[PDB]
Amino acid sequence: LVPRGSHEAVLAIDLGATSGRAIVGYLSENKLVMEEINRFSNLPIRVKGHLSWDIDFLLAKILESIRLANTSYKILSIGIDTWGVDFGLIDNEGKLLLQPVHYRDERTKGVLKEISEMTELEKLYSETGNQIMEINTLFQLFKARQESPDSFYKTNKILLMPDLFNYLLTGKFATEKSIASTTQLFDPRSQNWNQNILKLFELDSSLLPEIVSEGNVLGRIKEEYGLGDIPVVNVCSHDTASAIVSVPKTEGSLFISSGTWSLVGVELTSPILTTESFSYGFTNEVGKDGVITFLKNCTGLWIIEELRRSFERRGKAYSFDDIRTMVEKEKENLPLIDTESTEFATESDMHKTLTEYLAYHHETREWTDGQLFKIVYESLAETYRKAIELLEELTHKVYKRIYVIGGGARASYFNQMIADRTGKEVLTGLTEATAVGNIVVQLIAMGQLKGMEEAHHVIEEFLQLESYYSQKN
């Protein structure tokens, strides 16, 4: 008797603002197994003045991951998640008009002054639920059109990043709700495009693809790619929303990120679109099964990094272990800076900027290095603690635990700090969060798992949860 072979699976593509990964996951003895099979950089380029996404490189890496996936697994589907807000414009013959612009592009700096002239910001808030930010898709489209109206007439379709890569693979247009709710074009109540806002900003609805929900089977990968007719599935296409899939669905649970997309929030059954929620800086995005991911952006673990790269330029390079020791040791109570209100510019030196801010707004001393690190760490921790206190007031509920999702292998100590200042259990072990949520969505769609029912029992089996509790000092 001659022996034969291979294993059924689902391919998750997780594109981030700085790096991308391809992760395979499959059922193996009714347990979820997940193998990372490709990882890469996502280096932006400057194109005709604008910061832009290298789309030809990204698509190349997606195809290289699928060929690698087909090599070791039977792939039943692929499913792509990305960062929010950015989009590509497709002309009338189905070609990319230009390279998608990076959310950090200076085109939107100053843009809210023009929006304020055409609508009160709270009204826009009450129709879309998003905290009003310059990077939001609406204002990006507003600038892009304003900067070159004649150019802009050539757009036939506007594709958010996941829809762009989905279009490139399949030829077909769809925008899934989770990415649509980062745009300031989408109504979290009806969970579809907001025609009132479209009317106001004079954008024809035809420009936007049809709204779909997660699990939608869009189409198969085009025959000319040579990869086979693999179904492409619309997953929770915004990376944040895929990560929230894997958070337990228990009453008193919050989630937190300190990387990339730093935030704190909770899943709600329906949006909060009050002046309170508006004035308090909260956003209503949409996630799996139409839930509201109700959340407040914070500024994340990045000012630490920048103060590190600023200590390298002074020939004193610290490791996080150095930083932990340095901060853990400095036991005084130092000033607390309102990190949210800081305006530290793009290519400044962080040591000097922070020294300066402190001198202007608190007091003066030759701040030793551990002390600037302590102040920075305590201030970001306090930003999160205040964020939760508003979250509790607005939601009429007190919560008990906080799952760490997203970026922050570097953040482990920041997590224990979060526990110290908030009084809540902090759980970690969810660094695969996004890929898990991406994968299960596809497994349900191809019928490997029954529903969220089983999916929860399968994720919880998979996760190795570790708790942090408030320590004195």
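Virtual Cβ from ideal backbone geometry, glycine too; neighbours counted across all protein chains shown. Bear in mind these aren't lab numbers, they're just calculated from the coordinates by the rules spelled out.
What the table shows:
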| item | result |
| --- | --- |
| Cross-link table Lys109/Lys143; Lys296/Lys472; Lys374/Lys472; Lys95/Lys222; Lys316/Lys352; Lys31/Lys61, entries beyond 19 Å C-alpha to C-alpha | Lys296/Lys472; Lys31/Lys61 |
| Nitroxide proxy distance, nm - points 7 Å out along Cα→Cβ at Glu224 and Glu210 | 2.4 nm |
| Partner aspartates and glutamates for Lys386 [C-alpha distance under 18 Å; skip if fewer than 8 residues away on the same chain] | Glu276, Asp338, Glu340, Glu378, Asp420, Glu425 |
| Stretch gain in nm, segment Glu114-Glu460, where the contour uses 0.36 nm per residue and the Cα spacing is subtracted | 119.8 nm |
| Residues listed by number, the range 323-344, amide nitrogen under 19 Å from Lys472 label point at 7 Å toward C-beta | 328-333 |
| Restricting the range 130-177 to trypsin sites (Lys or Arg not before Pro) in coil, as DSSP defines it, with at most 13 other Cβ within 10 Å | none |
| Net lengthening on full extension, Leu97/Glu340 (0.36 nm per residue, minus Cα-Cα) | 83.8 nm |
| At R0 = 56 Å, FRET efficiency that the Cβ-Cβ distance of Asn196 and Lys316 yields, to 0.05 | 0.55 |
| Placed amide H near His238: partners under 5 Å, 5+ positions off or other chain | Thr82, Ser178, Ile179 |
| Those trypsin sites (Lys or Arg not before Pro) in the range 1-35 that DSSP places in a loop and that have at most 11 other beta carbons within 10 Å | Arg4 |
| Nearby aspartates and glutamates by direct alpha-carbon distance to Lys157 (threshold 20 angstrom, same-chain neighbours under 8 apart not counted) | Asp54, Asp56, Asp81, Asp86, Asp91, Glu93, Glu147, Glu176, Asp187, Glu202, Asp204, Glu210 |
| Radius 10 Å from Cβ of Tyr469, net charge of other residues (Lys, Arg +1; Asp, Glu -1) | -1 |
| Exposure rule at most 13 other beta-carbon atoms within 10 Å, DSSP loop GluC sites (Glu not before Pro): the chain longest free segment | 367-473 |
| Qualifying chymotrypsin sites (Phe, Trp or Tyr not before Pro) for the range 123-155 [loop in DSSP, other Cβ within 10 Å: at most 16] | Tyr153 |
| Cα-based equivalent ellipsoid of the chain: semi-axis lengths in Å, sorted from largest, via gyration tensor | 35, 29, 22 |
| 18 Å Cα-Cα reach of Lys74 towards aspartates and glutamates, excluding residues that sit fewer than 8 places from it in its own chain | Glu8, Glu29, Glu35, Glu36, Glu64, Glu223, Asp229 |
